[PDB]
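In the form deposited in one PDB entry, a lone chain appears below as structure tokens.
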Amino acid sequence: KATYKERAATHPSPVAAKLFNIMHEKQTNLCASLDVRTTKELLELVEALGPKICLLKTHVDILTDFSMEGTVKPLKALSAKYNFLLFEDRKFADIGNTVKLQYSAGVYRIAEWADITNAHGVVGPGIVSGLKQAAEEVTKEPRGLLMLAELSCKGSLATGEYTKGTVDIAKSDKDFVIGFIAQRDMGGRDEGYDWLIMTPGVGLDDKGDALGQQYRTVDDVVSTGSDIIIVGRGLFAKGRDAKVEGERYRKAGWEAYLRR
């Protein structure tokens, strides 16, 4: 693939162009996925990881104290201050007015602040057109969508055929669908598509770390096409120093990318 800088300059999606530029300018392809219970811990971790990431994945459904004033406002400030985008984990899986309101309303009003969201392809292209229209009605800010093409959970049904079907759905809107959550390259270059491949379940094979060794290494995934590494608990759990881990993973991810 071309370099992140090059892809930024030619990408049809304003959100994708912005993200690729962030990656180049900050020399990072690291996305921190913070699934924590309190806004307090969330804001502390984001502050520490801000300079190291190109993207922050939130999980508002598990916060015990979510508030637009206390959670979203500060998050956006950090996002602007440190220059990184927001990606809400909520795995949308419906169509029409239902998915539009799940994205625009509720207490989370996700569309008002999440630069990027992701959706299951099983329901069909309707999830794309629906979220796309909600985004336009909700805010002037650009918005992007990733399709959950390949799942990592045990016994998932994201088979080769399901993945292909999801990729076809993605092709229906290159302006809004900027890529996939996947475990490998999804192609599309020959057809004029430039998809961001974001991959979760990534580790660094740390000495004596059995749990971490269950995941694929940064080198492994970046080598096979991943554009962004999604790292979660490995950055802050078990007493780890988020800022230190953030640099470790950023460094590993970037060097693997350059190696490619």
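Each form is matched to the other, and the largest set of C-alpha atoms that superpose within 1.5 Å is called the rigid core. Don't overthink the numbering: it's just position in the shown sequence, from 1.
In what follows, reference is made to the form deposited in another entry, a form of this protein that is not presented.
With the core fitted between this form and the one not shown, just one of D209, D65, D220, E44 shows a Cα displacement of at least 2 Å, namely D209. Once you line up the core between this form and the one not shown, the Cα of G96 ends up 2 Å or more from where it was.
In the other form, the Cα-Cα separation between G208 and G234 shrinks by 3 Å or more relative to the displayed conformation. Relative to the shown form, the Cα atoms of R37 and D205 move together by 3 Å or more in the other form.
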